[PDB]
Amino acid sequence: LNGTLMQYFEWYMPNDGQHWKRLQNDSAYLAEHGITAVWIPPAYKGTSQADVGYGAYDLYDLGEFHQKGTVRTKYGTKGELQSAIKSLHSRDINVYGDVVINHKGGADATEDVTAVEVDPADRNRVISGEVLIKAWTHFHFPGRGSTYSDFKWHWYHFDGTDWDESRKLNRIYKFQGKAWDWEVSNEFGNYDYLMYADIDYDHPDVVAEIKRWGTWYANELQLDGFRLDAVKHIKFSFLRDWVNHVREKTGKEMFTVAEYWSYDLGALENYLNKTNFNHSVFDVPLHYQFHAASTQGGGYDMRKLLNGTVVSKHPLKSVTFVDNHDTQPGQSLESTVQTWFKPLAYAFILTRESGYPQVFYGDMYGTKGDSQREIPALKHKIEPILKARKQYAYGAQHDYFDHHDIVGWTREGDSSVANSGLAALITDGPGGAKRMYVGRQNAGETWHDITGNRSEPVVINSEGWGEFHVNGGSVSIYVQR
């Protein structure tokens, strides 16, 4: 059975505390369409109730304690989340929790700290003498106390910050005696620092504490895996060790995928090598190819889709996706795949043999931002493709990328899955036909377009070939009638 992941959130969902209840109500629907795992947004207390979750204030407050002016997180309470997870597990759906450990935001109080300013363009370069600043670095968790963990954070557990409260100044400050971690992205010289208070992974106590929390988090929510946030800003060797640690302590597989945001395949391959391939990464390069194809009105050379992607070289270490919360309208990395091309992009990630595909909540149900270009609900267009993956995308694959517009691939089917096998065609330009091999064992079968875009069926000839058609700027996926 093919595995399919779903990112279960988008950036602009309402702050109504009903999200965990929604996820629970959706478990039957997800199982029906072949979703086998869900990645949920950060479940711990952020800087305020409305925090999407990346501010990460208290990793041990899963919407359980009265802190930051609220008990629940934006998504609901700990009990509601546990109930949703139980519902998903009852239907054999795995749950991956988001892990935000690059920084900590929303400190309870400031501390006087001696620091120096560094060059934003080259953080290895100090551009000032020592200065006494007031930094938001004291975390004592007034509403939780010592429940679950007595660890308290201070300035010396961090490498730096971007704000001096005493002068109300936004500059990148590195604390006295600290050094940016390595290895991390070399963008801007050293990209250890991103935002809020940056965790110092050179600190022994911090290393031990984040590992301990990881195990606690997995056990408390009975997680099956993780999605790692902003890894290009976190010491690579630490991430490698953290993943191994949690797997060792829980004794579970703990599938893990990391968000290393880079357009460059080279940087992604370096990260994989440095973490000894013990976890996967999102295929960011492929997302940008989809965006480019969708915005070039047919001028994109579709043959490029087979090269320069993580999945092309590391088929078992890539999580493929079309859009996500970073790329949706209104966000800093906005690069949304245009609606007309979106079904074609989904066919590419859902019916091909390599990669672990991920469906976006925003693409299924629409995004709720305030722009005039929000993503509309496309679940009606994606559901047929999810069915194709669940029931038909099995067996040997054959690729036909011999044209700048019309490209396709087939899956011969596998005898262990009744009536499996398919032929997919997509085109970013004018429609047409392509003769493709689907396996001599399918000779004589009548296949039809499960998307409903084409009404005429195709009969497989004696030598296992079929002449398949596709409409302009569209997708057709043929399966046995």
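Numbers for residues come from their place in the sequence shown, where the first is 1.
Remark: stretch with higher mean C-alpha B factor among 141-149 and 98-106 is 141-149.
The mean Cα B-factor in the deposited entry runs higher for 125-133 than for the other of 125-133 and 160-168.
Remark: of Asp323, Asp192, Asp283, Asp264, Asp264 shows the highest value [criterion: C-alpha B-factor in the PDB entry].
Remark: of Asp399, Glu259, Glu248, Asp200, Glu248 shows the highest value [criterion: C-alpha B-factor in the PDB entry].
When the modelled residues of the chain are ordered by C-alpha B-factor, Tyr437 sits in the middle third.
When the modelled residues of the chain are ordered by C-alpha B-factor, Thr36 sits in the middle third. In the deposited entry, the Cα temperature factor of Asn2 places it in the highest third of its chain's modelled residues. When the CA B factors of the chain's modelled residues are split into thirds, the value for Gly421 lands in the lowest one. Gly214: CA B factor in the middle third of modelled residues in this chain (values from the PDB entry).
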